[PDB]
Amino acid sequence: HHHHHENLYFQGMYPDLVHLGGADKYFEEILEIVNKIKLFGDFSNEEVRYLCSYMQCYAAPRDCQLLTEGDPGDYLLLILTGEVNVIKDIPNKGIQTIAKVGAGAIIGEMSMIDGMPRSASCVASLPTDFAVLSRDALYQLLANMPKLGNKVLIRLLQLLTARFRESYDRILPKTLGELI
């Protein structure tokens, strides 16, 4: 049902997307993504099959704008295949690529988590398949299976800390003058 209306949104908003059906078709890829979790213990096969039931998948073509800076968004994307350019309209610099990600990446977590507009645009540079997790689906997972929920949240925490460390190791040395 959630997925029914989620699908209407994607097909309505995202004309180029082809619906692939349930994320169980990408169990092995999703298992690998989530089991990058460290320090807190892995997801079981059974836990991953359950998580897969919360998600539907889509194929995007080359040059598909998966996410657009400044748009509202309540969903994140697990990149199963392909390549995505993360770009931002940076004051005093114009539109620039801040990151390039591929198979295994998670994108769109920020607005899904905090309800602010998208921080950057994400464009499929190659044909790209992905699973979608909405905030509503996450709500339901935390309500129903909170321990699994905390594995998911720890995975997203580690995604963000790694991204923050990598990004600012790359970006700070390119800065000019005083930062504060």
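Note that residue numbering begins at 1 and tracks the sequence as displayed.
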As stated in the PDB record, which stretch has the larger average Cα B-factor, 85-93 or 70-78?
85-93
Comparing 154-162 with 12-20, the one whose average Cα B-factor in the PDB entry is higher
12-20
Reading the B-factor column for Cα atoms of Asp129, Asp114, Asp63, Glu47, the highest value belongs to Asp63
Position of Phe40 among the chain's modelled residues by C-alpha B-factor, lowest, middle or highest third:
highest
CA B-factor ranking of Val101, expressed as a third of its chain:
middle
